[PDB]
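Engineer: Here you go, my_file-v9.cif (mmCIF, C-alpha atoms):
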data_input
#
loop_
_atom_site.group_PDB
_atom_site.id
_atom_site.type_symbol
_atom_site.label_atom_id
_atom_site.label_comp_id
_atom_site.auth_asym_id
_atom_site.auth_seq_id
_atom_site.Cartn_x
_atom_site.Cartn_y
_atom_site.Cartn_z
ATOM 1 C CA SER A 1 -3.644 111.833 -104.469
ATOM 2 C CA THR A 2 -5.561 108.701 -103.473
ATOM 3 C CA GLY A 3 -7.272 107.304 -100.408
ATOM 4 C CA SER A 4 -8.162 103.768 -99.324
ATOM 5 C CA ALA A 5 -10.315 102.870 -96.298
ATOM 6 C CA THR A 6 -11.774 99.638 -95.019
ATOM 7 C CA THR A 7 -15.556 99.493 -94.575
ATOM 8 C CA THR A 8 -16.985 97.064 -91.995
ATOM 9 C CA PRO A 9 -20.521 95.698 -91.580
ATOM 10 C CA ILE A 10 -22.244 97.039 -88.478
ATOM 11 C CA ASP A 11 -23.880 93.673 -87.638
ATOM 12 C CA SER A 12 -24.191 90.052 -88.706
ATOM 13 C CA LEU A 13 -26.772 90.884 -91.410
ATOM 14 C CA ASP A 14 -24.743 93.563 -93.274
ATOM 15 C CA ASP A 15 -27.437 96.080 -92.446
ATOM 16 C CA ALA A 16 -24.976 98.899 -93.157
ATOM 17 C CA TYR A 17 -21.243 99.472 -93.371
ATOM 18 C CA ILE A 18 -19.097 101.915 -91.414
ATOM 19 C CA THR A 19 -15.842 103.519 -92.493
ATOM 20 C CA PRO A 20 -13.533 105.447 -90.162
ATOM 21 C CA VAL A 21 -13.179 109.155 -91.020
ATOM 22 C CA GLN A 22 -10.758 111.642 -89.417
ATOM 23 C CA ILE A 23 -12.294 115.073 -88.713
ATOM 24 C CA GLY A 24 -10.506 118.065 -87.242
ATOM 25 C CA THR A 25 -7.152 118.804 -85.669
ATOM 26 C CA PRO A 26 -6.114 116.827 -83.730
ATOM 27 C CA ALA A 27 -8.070 114.118 -85.542
ATOM 28 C CA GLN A 28 -11.392 112.973 -84.162
ATOM 29 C CA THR A 29 -12.190 109.578 -85.737
ATOM 30 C CA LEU A 30 -15.878 108.879 -86.353
ATOM 31 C CA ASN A 31 -17.349 105.819 -88.056
ATOM 32 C CA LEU A 32 -19.556 107.041 -90.886
ATOM 33 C CA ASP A 33 -21.997 105.347 -93.228
ATOM 34 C CA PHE A 34 -20.821 106.142 -96.777
ATOM 35 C CA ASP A 35 -24.012 106.760 -98.758
ATOM 36 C CA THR A 36 -23.967 107.044 -102.560
ATOM 37 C CA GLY A 37 -27.677 107.949 -102.328
ATOM 38 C CA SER A 38 -27.275 111.253 -100.452
ATOM 39 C CA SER A 39 -25.001 114.269 -100.431
ATOM 40 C CA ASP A 40 -24.586 115.482 -96.830
ATOM 41 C CA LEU A 41 -21.656 114.704 -94.527
ATOM 42 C CA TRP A 42 -23.278 114.947 -91.122
ATOM 43 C CA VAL A 43 -22.166 113.777 -87.701
ATOM 44 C CA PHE A 44 -23.295 113.266 -84.166
ATOM 45 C CA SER A 45 -21.740 116.132 -82.289
ATOM 46 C CA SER A 46 -21.343 118.057 -79.018
ATOM 47 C CA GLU A 47 -24.448 119.971 -80.254
ATOM 48 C CA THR A 48 -26.686 116.893 -80.602
ATOM 49 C CA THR A 49 -29.628 116.856 -78.131
ATOM 50 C CA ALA A 50 -28.226 114.750 -75.260
ATOM 51 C CA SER A 51 -31.327 112.433 -75.078
ATOM 52 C CA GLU A 52 -30.763 111.580 -78.789
ATOM 53 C CA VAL A 53 -27.182 110.309 -78.296
ATOM 54 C CA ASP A 54 -26.826 106.667 -77.122
ATOM 55 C CA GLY A 55 -23.295 105.327 -77.578
ATOM 56 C CA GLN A 56 -22.212 107.198 -80.741
ATOM 57 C CA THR A 57 -18.852 108.926 -80.928
ATOM 58 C CA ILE A 58 -19.380 112.679 -81.303
ATOM 59 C CA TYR A 59 -17.522 115.396 -83.149
ATOM 60 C CA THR A 60 -16.668 118.372 -80.861
ATOM 61 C CA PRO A 61 -15.764 121.341 -83.063
ATOM 62 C CA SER A 62 -14.558 123.389 -80.081
ATOM 63 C CA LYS A 63 -11.690 120.836 -79.692
ATOM 64 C CA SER A 64 -10.574 121.202 -83.334
ATOM 65 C CA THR A 65 -8.114 123.989 -84.095
ATOM 66 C CA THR A 66 -9.194 123.901 -87.780
ATOM 67 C CA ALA A 67 -12.978 124.007 -87.226
ATOM 68 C CA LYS A 68 -14.829 127.182 -88.254
ATOM 69 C CA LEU A 69 -18.566 127.828 -87.961
ATOM 70 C CA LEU A 70 -20.112 128.275 -91.416
ATOM 71 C CA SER A 71 -22.109 131.235 -90.206
ATOM 72 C CA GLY A 72 -25.818 131.141 -90.910
ATOM 73 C CA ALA A 73 -25.762 127.744 -92.598
ATOM 74 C CA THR A 74 -28.292 125.071 -91.591
ATOM 75 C CA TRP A 75 -29.215 121.680 -92.921
ATOM 76 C CA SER A 76 -32.115 119.252 -92.673
ATOM 77 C CA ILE A 77 -32.483 115.913 -94.383
ATOM 78 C CA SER A 78 -35.100 113.171 -94.664
ATOM 79 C CA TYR A 79 -34.147 109.721 -95.982
ATOM 80 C CA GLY A 80 -36.169 107.099 -97.895
ATOM 81 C CA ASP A 81 -36.640 105.033 -94.678
ATOM 82 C CA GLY A 82 -38.392 107.959 -92.849
ATOM 83 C CA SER A 83 -35.301 108.870 -90.757
ATOM 84 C CA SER A 84 -34.078 112.456 -90.478
ATOM 85 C CA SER A 85 -31.529 114.791 -88.959
ATOM 86 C CA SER A 86 -30.789 118.519 -88.914
ATOM 87 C CA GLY A 87 -28.413 121.088 -87.513
ATOM 88 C CA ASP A 88 -25.756 123.667 -88.263
ATOM 89 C CA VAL A 89 -22.471 123.542 -90.184
ATOM 90 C CA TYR A 90 -18.735 123.824 -89.596
ATOM 91 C CA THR A 91 -15.922 123.626 -92.061
ATOM 92 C CA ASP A 92 -12.986 121.456 -91.033
ATOM 93 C CA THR A 93 -10.291 119.134 -92.355
ATOM 94 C CA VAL A 94 -11.631 115.659 -93.230
ATOM 95 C CA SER A 95 -9.492 112.657 -94.147
ATOM 96 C CA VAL A 96 -10.583 109.277 -95.502
ATOM 97 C CA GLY A 97 -8.044 106.538 -95.881
ATOM 98 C CA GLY A 98 -5.161 109.003 -96.130
ATOM 99 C CA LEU A 99 -6.938 111.432 -98.553
ATOM 100 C CA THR A 100 -7.400 114.877 -96.983
ATOM 101 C CA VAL A 101 -9.835 117.657 -97.858
ATOM 102 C CA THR A 102 -9.531 121.034 -96.217
ATOM 103 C CA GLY A 103 -12.579 123.239 -95.795
ATOM 104 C CA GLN A 104 -15.071 120.342 -95.986
ATOM 105 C CA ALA A 105 -18.576 121.149 -94.760
ATOM 106 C CA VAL A 106 -19.177 119.008 -91.667
ATOM 107 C CA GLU A 107 -22.881 119.188 -90.820
ATOM 108 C CA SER A 108 -23.256 118.997 -87.022
ATOM 109 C CA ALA A 109 -26.508 117.390 -85.888
ATOM 110 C CA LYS A 110 -28.628 119.214 -83.345
ATOM 111 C CA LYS A 111 -31.460 116.661 -83.805
ATOM 112 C CA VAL A 112 -31.564 113.108 -85.111
ATOM 113 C CA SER A 113 -34.554 110.744 -85.440
ATOM 114 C CA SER A 114 -34.990 107.653 -83.317
ATOM 115 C CA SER A 115 -33.494 105.204 -85.860
ATOM 116 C CA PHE A 116 -30.154 107.109 -85.670
ATOM 117 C CA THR A 117 -30.164 107.282 -81.859
ATOM 118 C CA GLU A 118 -30.931 103.554 -81.634
ATOM 119 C CA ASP A 119 -27.949 102.643 -83.874
ATOM 120 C CA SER A 120 -24.894 103.166 -81.629
ATOM 121 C CA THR A 121 -22.504 101.935 -84.378
ATOM 122 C CA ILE A 122 -23.150 104.792 -86.874
ATOM 123 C CA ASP A 123 -21.684 108.200 -85.958
ATOM 124 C CA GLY A 124 -23.046 109.937 -89.068
ATOM 125 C CA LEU A 125 -23.240 109.775 -92.839
ATOM 126 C CA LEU A 126 -20.844 110.706 -95.618
ATOM 127 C CA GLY A 127 -22.818 111.398 -98.779
ATOM 128 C CA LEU A 128 -21.380 110.453 -102.170
ATOM 129 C CA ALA A 129 -24.276 111.319 -104.505
ATOM 130 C CA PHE A 130 -24.110 114.528 -106.573
ATOM 131 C CA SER A 131 -23.702 117.811 -104.706
ATOM 132 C CA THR A 132 -27.003 119.113 -106.207
ATOM 133 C CA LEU A 133 -28.736 117.073 -103.439
ATOM 134 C CA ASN A 134 -26.816 118.663 -100.562
ATOM 135 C CA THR A 135 -29.287 120.213 -98.108
ATOM 136 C CA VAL A 136 -27.191 123.076 -96.652
ATOM 137 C CA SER A 137 -28.995 126.443 -96.829
ATOM 138 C CA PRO A 138 -28.558 129.172 -97.898
ATOM 139 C CA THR A 139 -25.282 128.132 -99.565
ATOM 140 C CA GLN A 140 -25.299 124.526 -100.848
ATOM 141 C CA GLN A 141 -22.120 122.610 -100.029
ATOM 142 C CA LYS A 142 -20.002 120.061 -101.891
ATOM 143 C CA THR A 143 -19.516 116.414 -101.020
ATOM 144 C CA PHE A 144 -16.171 115.076 -99.846
ATOM 145 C CA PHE A 145 -15.726 113.480 -103.312
ATOM 146 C CA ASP A 146 -16.515 116.672 -105.178
ATOM 147 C CA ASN A 147 -14.037 118.607 -102.998
ATOM 148 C CA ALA A 148 -11.353 115.897 -103.442
ATOM 149 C CA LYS A 149 -11.889 115.354 -107.165
ATOM 150 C CA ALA A 150 -9.444 117.842 -108.651
ATOM 151 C CA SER A 151 -6.620 116.469 -106.382
ATOM 152 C CA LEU A 152 -7.266 112.789 -107.184
ATOM 153 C CA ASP A 153 -5.115 110.839 -109.606
ATOM 154 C CA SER A 154 -8.376 109.846 -111.437
ATOM 155 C CA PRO A 155 -11.827 111.384 -110.678
ATOM 156 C CA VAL A 156 -13.305 108.140 -109.356
ATOM 157 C CA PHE A 157 -14.168 106.243 -106.236
ATOM 158 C CA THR A 158 -14.889 102.538 -105.918
ATOM 159 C CA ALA A 159 -17.084 100.509 -103.614
ATOM 160 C CA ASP A 160 -16.074 96.946 -102.810
ATOM 161 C CA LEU A 161 -18.512 95.833 -100.115
ATOM 162 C CA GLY A 162 -18.100 92.477 -98.406
ATOM 163 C CA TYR A 163 -20.658 89.765 -97.716
ATOM 164 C CA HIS A 164 -20.494 89.246 -93.973
ATOM 165 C CA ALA A 165 -16.946 90.662 -94.172
ATOM 166 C CA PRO A 166 -15.077 93.964 -94.442
ATOM 167 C CA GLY A 167 -14.555 95.639 -97.815
ATOM 168 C CA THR A 168 -12.974 98.753 -99.206
ATOM 169 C CA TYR A 169 -13.730 102.277 -100.448
ATOM 170 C CA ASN A 170 -10.966 103.641 -102.672
ATOM 171 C CA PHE A 171 -10.678 107.208 -103.955
ATOM 172 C CA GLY A 172 -8.687 108.245 -107.012
ATOM 173 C CA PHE A 173 -7.678 104.860 -108.416
ATOM 174 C CA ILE A 174 -9.104 101.542 -109.606
ATOM 175 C CA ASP A 175 -7.472 98.513 -107.842
ATOM 176 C CA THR A 176 -7.116 96.059 -110.742
ATOM 177 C CA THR A 177 -6.436 93.249 -108.194
ATOM 178 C CA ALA A 178 -9.862 93.686 -106.551
ATOM 179 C CA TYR A 179 -12.054 92.206 -109.334
ATOM 180 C CA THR A 180 -12.129 89.425 -111.906
ATOM 181 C CA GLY A 181 -12.635 89.833 -115.655
ATOM 182 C CA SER A 182 -13.321 93.293 -117.021
ATOM 183 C CA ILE A 183 -15.300 96.309 -115.785
ATOM 184 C CA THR A 184 -18.453 97.090 -117.786
ATOM 185 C CA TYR A 185 -19.308 100.782 -117.783
ATOM 186 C CA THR A 186 -22.848 102.101 -118.210
ATOM 187 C CA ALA A 187 -24.344 105.552 -118.588
ATOM 188 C CA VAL A 188 -25.458 107.663 -115.639
ATOM 189 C CA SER A 189 -28.183 110.294 -115.456
ATOM 190 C CA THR A 190 -27.537 112.987 -112.846
ATOM 191 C CA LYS A 191 -30.974 114.568 -113.362
ATOM 192 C CA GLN A 192 -32.256 113.469 -109.927
ATOM 193 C CA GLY A 193 -28.834 113.893 -108.225
ATOM 194 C CA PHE A 194 -28.243 110.151 -107.942
ATOM 195 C CA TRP A 195 -25.956 107.608 -109.586
ATOM 196 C CA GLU A 196 -28.925 106.607 -111.771
ATOM 197 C CA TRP A 197 -28.425 103.979 -114.453
ATOM 198 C CA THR A 198 -30.389 101.380 -116.462
ATOM 199 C CA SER A 199 -29.902 97.679 -115.948
ATOM 200 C CA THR A 200 -30.445 95.514 -119.027
ATOM 201 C CA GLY A 201 -32.496 92.798 -117.305
ATOM 202 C CA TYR A 202 -32.495 89.955 -114.848
ATOM 203 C CA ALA A 203 -32.574 86.245 -114.275
ATOM 204 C CA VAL A 204 -33.807 84.183 -111.306
ATOM 205 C CA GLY A 205 -31.602 81.271 -110.371
ATOM 206 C CA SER A 206 -30.661 79.164 -113.369
ATOM 207 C CA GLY A 207 -33.594 80.644 -115.379
ATOM 208 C CA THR A 208 -33.389 82.417 -118.681
ATOM 209 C CA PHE A 209 -32.317 86.034 -118.710
ATOM 210 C CA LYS A 210 -35.165 88.509 -119.297
ATOM 211 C CA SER A 211 -34.021 91.511 -121.355
ATOM 212 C CA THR A 212 -35.812 94.543 -119.946
ATOM 213 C CA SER A 213 -34.688 98.067 -118.983
ATOM 214 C CA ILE A 214 -34.715 98.746 -115.222
ATOM 215 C CA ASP A 215 -33.800 102.280 -114.272
ATOM 216 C CA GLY A 216 -32.491 102.586 -110.727
ATOM 217 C CA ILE A 217 -29.852 104.073 -108.468
ATOM 218 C CA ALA A 218 -26.627 102.638 -107.068
ATOM 219 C CA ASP A 219 -27.092 103.341 -103.333
ATOM 220 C CA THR A 220 -24.578 102.097 -100.767
ATOM 221 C CA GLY A 221 -26.705 103.581 -97.993
ATOM 222 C CA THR A 222 -29.683 101.284 -98.702
ATOM 223 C CA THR A 223 -29.443 97.733 -97.363
ATOM 224 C CA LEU A 224 -31.707 95.856 -99.777
ATOM 225 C CA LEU A 225 -32.411 95.523 -103.522
ATOM 226 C CA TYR A 226 -35.705 97.269 -104.450
ATOM 227 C CA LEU A 227 -37.048 96.382 -107.913
ATOM 228 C CA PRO A 228 -40.358 96.504 -109.762
ATOM 229 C CA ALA A 229 -43.135 94.323 -108.390
ATOM 230 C CA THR A 230 -43.154 92.115 -111.503
ATOM 231 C CA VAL A 231 -39.440 91.263 -111.069
ATOM 232 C CA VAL A 232 -39.723 90.718 -107.335
ATOM 233 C CA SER A 233 -42.800 88.455 -107.715
ATOM 234 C CA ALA A 234 -40.931 86.397 -110.310
ATOM 235 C CA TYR A 235 -38.037 85.909 -107.842
ATOM 236 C CA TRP A 236 -40.086 84.944 -104.795
ATOM 237 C CA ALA A 237 -42.340 82.628 -106.838
ATOM 238 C CA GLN A 238 -39.247 80.326 -106.977
ATOM 239 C CA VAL A 239 -39.145 79.999 -103.153
ATOM 240 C CA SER A 240 -41.688 77.542 -101.628
ATOM 241 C CA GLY A 241 -43.753 79.290 -99.006
ATOM 242 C CA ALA A 242 -42.535 82.853 -99.763
ATOM 243 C CA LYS A 243 -45.183 85.555 -99.582
ATOM 244 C CA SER A 244 -45.598 89.281 -99.288
ATOM 245 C CA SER A 245 -46.655 90.166 -95.737
ATOM 246 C CA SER A 246 -48.330 93.579 -95.232
ATOM 247 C CA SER A 247 -47.910 93.026 -91.437
ATOM 248 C CA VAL A 248 -44.116 92.554 -91.707
ATOM 249 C CA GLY A 249 -43.650 95.063 -94.568
ATOM 250 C CA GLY A 250 -42.423 92.933 -97.464
ATOM 251 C CA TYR A 251 -41.607 89.486 -98.735
ATOM 252 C CA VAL A 252 -40.840 86.817 -96.150
ATOM 253 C CA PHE A 253 -39.824 83.226 -96.693
ATOM 254 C CA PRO A 254 -39.372 80.072 -94.617
ATOM 255 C CA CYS A 255 -36.088 80.056 -92.819
ATOM 256 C CA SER A 256 -35.738 76.424 -93.989
ATOM 257 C CA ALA A 257 -35.504 77.550 -97.650
ATOM 258 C CA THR A 258 -32.474 77.604 -99.893
ATOM 259 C CA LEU A 259 -32.726 80.839 -101.936
ATOM 260 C CA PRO A 260 -31.967 81.053 -105.638
ATOM 261 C CA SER A 261 -29.446 83.524 -106.985
ATOM 262 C CA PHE A 262 -30.513 86.725 -108.745
ATOM 263 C CA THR A 263 -28.691 88.041 -111.818
ATOM 264 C CA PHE A 264 -28.842 91.637 -113.053
ATOM 265 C CA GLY A 265 -27.572 92.946 -116.370
ATOM 266 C CA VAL A 266 -25.010 95.705 -116.873
ATOM 267 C CA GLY A 267 -24.907 96.201 -120.622
ATOM 268 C CA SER A 268 -24.033 92.766 -122.020
ATOM 269 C CA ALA A 269 -22.425 91.746 -118.709
ATOM 270 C CA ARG A 270 -24.117 89.970 -115.805
ATOM 271 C CA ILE A 271 -23.673 90.292 -112.011
ATOM 272 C CA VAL A 272 -24.827 87.299 -109.995
ATOM 273 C CA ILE A 273 -26.118 87.830 -106.457
ATOM 274 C CA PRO A 274 -25.794 84.487 -104.600
ATOM 275 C CA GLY A 275 -28.951 83.301 -102.858
ATOM 276 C CA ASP A 276 -27.386 83.610 -99.423
ATOM 277 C CA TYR A 277 -26.943 87.366 -99.964
ATOM 278 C CA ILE A 278 -30.764 87.632 -100.131
ATOM 279 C CA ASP A 279 -31.321 86.114 -96.645
ATOM 280 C CA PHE A 280 -31.856 88.764 -93.941
ATOM 281 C CA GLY A 281 -32.719 86.248 -91.240
ATOM 282 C CA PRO A 282 -35.632 85.900 -88.842
ATOM 283 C CA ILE A 283 -38.193 88.695 -88.807
ATOM 284 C CA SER A 284 -38.037 88.665 -84.997
ATOM 285 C CA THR A 285 -35.751 86.793 -82.753
ATOM 286 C CA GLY A 286 -36.440 83.028 -82.893
ATOM 287 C CA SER A 287 -38.993 83.243 -85.752
ATOM 288 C CA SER A 288 -38.990 80.704 -88.565
ATOM 289 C CA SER A 289 -40.086 83.434 -90.992
ATOM 290 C CA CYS A 290 -37.123 85.169 -92.619
ATOM 291 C CA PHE A 291 -36.989 88.589 -94.300
ATOM 292 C CA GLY A 292 -36.103 88.790 -97.962
ATOM 293 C CA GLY A 293 -33.321 90.891 -99.412
ATOM 294 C CA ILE A 294 -35.165 91.607 -102.672
ATOM 295 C CA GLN A 295 -38.251 93.787 -102.130
ATOM 296 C CA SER A 296 -40.677 95.742 -104.287
ATOM 297 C CA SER A 297 -39.931 99.363 -105.110
ATOM 298 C CA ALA A 298 -43.578 100.046 -105.975
ATOM 299 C CA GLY A 299 -44.188 102.239 -102.801
ATOM 300 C CA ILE A 300 -40.807 104.218 -103.264
ATOM 301 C CA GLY A 301 -40.960 105.815 -106.737
ATOM 302 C CA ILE A 302 -37.433 104.556 -107.710
ATOM 303 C CA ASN A 303 -35.641 101.244 -108.033
ATOM 304 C CA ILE A 304 -32.650 100.933 -105.704
ATOM 305 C CA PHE A 305 -29.589 98.786 -106.227
ATOM 306 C CA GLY A 306 -28.644 98.761 -102.548
ATOM 307 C CA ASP A 307 -26.004 96.767 -100.721
ATOM 308 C CA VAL A 308 -27.517 93.344 -101.579
ATOM 309 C CA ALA A 309 -26.699 94.041 -105.226
ATOM 310 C CA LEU A 310 -23.597 96.199 -104.858
ATOM 311 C CA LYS A 311 -21.774 93.750 -102.543
ATOM 312 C CA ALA A 312 -21.862 91.175 -105.390
ATOM 313 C CA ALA A 313 -19.713 93.505 -107.531
ATOM 314 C CA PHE A 314 -16.715 95.784 -107.670
ATOM 315 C CA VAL A 315 -18.387 99.121 -108.448
ATOM 316 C CA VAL A 316 -16.720 102.157 -110.025
ATOM 317 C CA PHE A 317 -18.313 105.557 -109.487
ATOM 318 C CA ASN A 318 -16.715 107.551 -112.321
ATOM 319 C CA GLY A 319 -17.027 111.281 -111.606
ATOM 320 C CA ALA A 320 -15.523 112.503 -114.864
ATOM 321 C CA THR A 321 -17.237 115.373 -116.719
ATOM 322 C CA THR A 322 -19.635 112.739 -118.119
ATOM 323 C CA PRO A 323 -20.201 110.411 -115.121
ATOM 324 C CA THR A 324 -20.512 106.673 -115.605
ATOM 325 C CA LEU A 325 -20.842 103.562 -113.398
ATOM 326 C CA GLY A 326 -18.742 100.465 -113.811
ATOM 327 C CA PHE A 327 -19.426 96.955 -112.549
ATOM 328 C CA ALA A 328 -17.141 93.954 -112.398
ATOM 329 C CA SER A 329 -17.539 90.526 -110.847
ATOM 330 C CA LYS A 330 -15.173 89.663 -108.002
#
Could you render the structure from this file as structure tokens?

Structural biologist:
Amino acid sequence: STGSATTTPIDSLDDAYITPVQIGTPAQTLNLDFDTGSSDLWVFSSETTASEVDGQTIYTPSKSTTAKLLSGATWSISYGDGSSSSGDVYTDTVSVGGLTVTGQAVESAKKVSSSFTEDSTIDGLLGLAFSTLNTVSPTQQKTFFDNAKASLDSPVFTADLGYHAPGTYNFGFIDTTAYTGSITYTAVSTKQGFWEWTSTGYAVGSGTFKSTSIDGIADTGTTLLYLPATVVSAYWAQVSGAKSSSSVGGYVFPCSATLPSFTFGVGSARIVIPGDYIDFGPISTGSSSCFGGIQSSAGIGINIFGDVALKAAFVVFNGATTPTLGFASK
């Protein structure tokens, strides 16, 4: 089997991407944030505290003939941005882009934090990291990918995120029309439950490439590119008037600037992030200070290749017995 679904930016900045997902029988379609940095499939639901729902589409298990309570199971998750959610668990039929899994754990939110409530466009998350990070207790559950894997034509999924445009998540096949050149594969460590890999270095603009190992995660659920402070300082030093602002919470730059590109290494290959991908616009409406898309990881504890980086590539998440990542230009 295979599946193929379009993913759409939620706003004009590409702050996140949503993908329609069918849950239950008859289908209830929710727009979920596919997150390669977490491992829970959770949704706004008929159980979510009413004051915490503001425009989201909800899953109502009582209207699904295939829903079953997963008795005694609870979940609770905290993300890198300080957001959180928790609740109970149903199993139900879940389809993505024509690929169906029966008996998928669908984590029904009873509580969500303010950042989720305030985002009416995101009806929940679909985690695509390793199932070792799944938060369901007392019986940990599998991701949609792990449940689909054995049925897929190839044990892979691909992320093809657009810049200010829709893109695609494919499951079970690699669309050889979707990228240019060849795919460079690199090793993955699953020790922390993430798609963790080591970049071979970076360049700023037309500058020379610096060979240096940068361990980090491929995380579709993170908007920005978070790298070591040395790398990030080297990038922003090439932008007149850029500075790190403790008041704003990262590097800002004059909205009048033209940003340089940023290159990262994948083995001997190179992925180029155009400068415009690094512009996240005014810090507040009407400001002439703009927020940068490359930020320091120093206060996180991990480097994160978020959407700023991933949208510059065609990315293969190879879930074979020995997992690997692949990157191609596009």

Engineer: Run the PyMOL selection byres ((chain A and resi 13-18) around 7) on the file and write out the hits as a PyMOL selection string.

Structural biologist: chain A and resi 7-12+19-20+31-33+122+164+221+223+280

Engineer: Take the residues just selected and output them with C-alpha atoms as an mmCIF file, in the frame of the given file.

Structural biologist:
data_model
loop_
_atom_site.group_PDB
_atom_site.id
_atom_site.type_symbol
_atom_site.label_atom_id
_atom_site.label_comp_id
_atom_site.auth_asym_id
_atom_site.auth_seq_id
_atom_site.Cartn_x
_atom_site.Cartn_y
_atom_site.Cartn_z
ATOM 1 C CA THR A 7 -15.556 99.493 -94.575
ATOM 2 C CA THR A 8 -16.985 97.064 -91.995
ATOM 3 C CA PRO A 9 -20.521 95.698 -91.580
ATOM 4 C CA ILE A 10 -22.244 97.039 -88.478
ATOM 5 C CA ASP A 11 -23.880 93.673 -87.638
ATOM 6 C CA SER A 12 -24.191 90.052 -88.706
ATOM 7 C CA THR A 19 -15.842 103.519 -92.493
ATOM 8 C CA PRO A 20 -13.533 105.447 -90.162
ATOM 9 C CA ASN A 31 -17.349 105.819 -88.056
ATOM 10 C CA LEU A 32 -19.556 107.041 -90.886
ATOM 11 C CA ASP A 33 -21.997 105.347 -93.228
ATOM 12 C CA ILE A 122 -23.150 104.792 -86.874
ATOM 13 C CA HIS A 164 -20.494 89.246 -93.973
ATOM 14 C CA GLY A 221 -26.705 103.581 -97.993
ATOM 15 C CA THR A 223 -29.443 97.733 -97.363
ATOM 16 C CA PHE A 280 -31.856 88.764 -93.941
#

Engineer: Neighbours of residue 39 (chain A) within 12 Å (only C-alpha atoms; same-chain residues fewer than 6 positions away dropped), as a PDB file with C-alpha atoms, in the frame of the given file?

Structural biologist:
ATOM      1  CA  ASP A  33     -21.997 105.347 -93.228  1.00  0.00           C
ATOM      2  CA  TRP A  75     -29.215 121.680 -92.921  1.00  0.00           C
ATOM      3  CA  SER A  76     -32.115 119.252 -92.673  1.00  0.00           C
ATOM      4  CA  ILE A  77     -32.483 115.913 -94.383  1.00  0.00           C
ATOM      5  CA  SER A  78     -35.100 113.171 -94.664  1.00  0.00           C
ATOM      6  CA  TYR A  79     -34.147 109.721 -95.982  1.00  0.00           C
ATOM      7  CA  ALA A 105     -18.576 121.149 -94.760  1.00  0.00           C
ATOM      8  CA  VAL A 106     -19.177 119.008 -91.667  1.00  0.00           C
ATOM      9  CA  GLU A 107     -22.881 119.188 -90.820  1.00  0.00           C
ATOM     10  CA  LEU A 125     -23.240 109.775 -92.839  1.00  0.00           C
ATOM     11  CA  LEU A 126     -20.844 110.706 -95.618  1.00  0.00           C
ATOM     12  CA  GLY A 127     -22.818 111.398 -98.779  1.00  0.00           C
ATOM     13  CA  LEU A 128     -21.380 110.453-102.170  1.00  0.00           C
ATOM     14  CA  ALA A 129     -24.276 111.319-104.505  1.00  0.00           C
ATOM     15  CA  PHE A 130     -24.110 114.528-106.573  1.00  0.00           C
ATOM     16  CA  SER A 131     -23.702 117.811-104.706  1.00  0.00           C
ATOM     17  CA  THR A 132     -27.003 119.113-106.207  1.00  0.00           C
ATOM     18  CA  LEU A 133     -28.736 117.073-103.439  1.00  0.00           C
ATOM     19  CA  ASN A 134     -26.816 118.663-100.562  1.00  0.00           C
ATOM     20  CA  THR A 135     -29.287 120.213 -98.108  1.00  0.00           C
ATOM     21  CA  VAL A 136     -27.191 123.076 -96.652  1.00  0.00           C
ATOM     22  CA  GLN A 140     -25.299 124.526-100.848  1.00  0.00           C
ATOM     23  CA  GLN A 141     -22.120 122.610-100.029  1.00  0.00           C
ATOM     24  CA  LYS A 142     -20.002 120.061-101.891  1.00  0.00           C
ATOM     25  CA  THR A 143     -19.516 116.414-101.020  1.00  0.00           C
ATOM     26  CA  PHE A 144     -16.171 115.076 -99.846  1.00  0.00           C
ATOM     27  CA  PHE A 145     -15.726 113.480-103.312  1.00  0.00           C
ATOM     28  CA  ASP A 146     -16.515 116.672-105.178  1.00  0.00           C
ATOM     29  CA  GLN A 192     -32.256 113.469-109.927  1.00  0.00           C
ATOM     30  CA  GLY A 193     -28.834 113.893-108.225  1.00  0.00           C
ATOM     31  CA  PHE A 194     -28.243 110.151-107.942  1.00  0.00           C
ATOM     32  CA  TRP A 195     -25.956 107.608-109.586  1.00  0.00           C
ATOM     33  CA  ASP A 219     -27.092 103.341-103.333  1.00  0.00           C
ATOM     34  CA  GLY A 221     -26.705 103.581 -97.993  1.00  0.00           C
TER      35      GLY A 221
END

Engineer: Report as a list in words the residues that result from applying the PyMOL selection byres ((chain A and resi 264-274) around 7) to the structure here.

Structural biologist: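 Evaluating the PyMOL selection byres ((chain A and resi 264-274) around 7) on these coordinates yields residues 184, 186, 199, 200, 201, 202, 203, 261, 262, 263, 275, 276, 277, 309, 312, 313 and 329 of chain A.
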
Engineer: Looking at A:30, A:51, A:102, A:215, which one is nearest to residue 67 (chain A), with distances taken over all atoms listed in the file?

Structural biologist: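 Under the stated criterion, the closest residue is A:102.
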
Engineer: Please write as a ChimeraX atom specification the full residue list that the PyMOL selection byres ((chain A and resi 283) around 12) yields on this file.

Structural biologist: /A:13,245,247-255,279-282,284-293

Engineer: For the atom pair CA of residue 176 (chain A) and CA of residue 214 (chain A), what is the interatomic distance in Å to one decimal place?

Structural biologist: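 Between CA of residue 176 (chain A) and CA of residue 214 (chain A) the gap works out to 28.1 Å.
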
Engineer: Nearest to residue 154 (chain A): which of A:28, A:48, A:108, A:170 is it, counting only C-alpha atoms?

Structural biologist: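 Between A:28, A:48, A:108, A:170, the residue approaching residue 154 (chain A) most closely is A:170.
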
Engineer: For a quick check of understanding, using only C-alpha atoms, which of A:87, A:319, A:216, A:98 has the smallest distance to residue 111 (chain A)?

Structural biologist: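 Residue with the minimum atom-to-atom distance to residue 111 (chain A): A:87.
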
Engineer: Once you add 6 Å to each side, what are the centre and edge lengths of the axis-aligned box holding all listed atoms of region 240-244 of chain A? One decimal in Å, as lines of an AutoDock Vina configuration file, if you can.

Structural biologist:
center_x = -43.6
center_y = 83.4
center_z = -100.3
size_x = 15.9
size_y = 23.7
size_z = 14.6
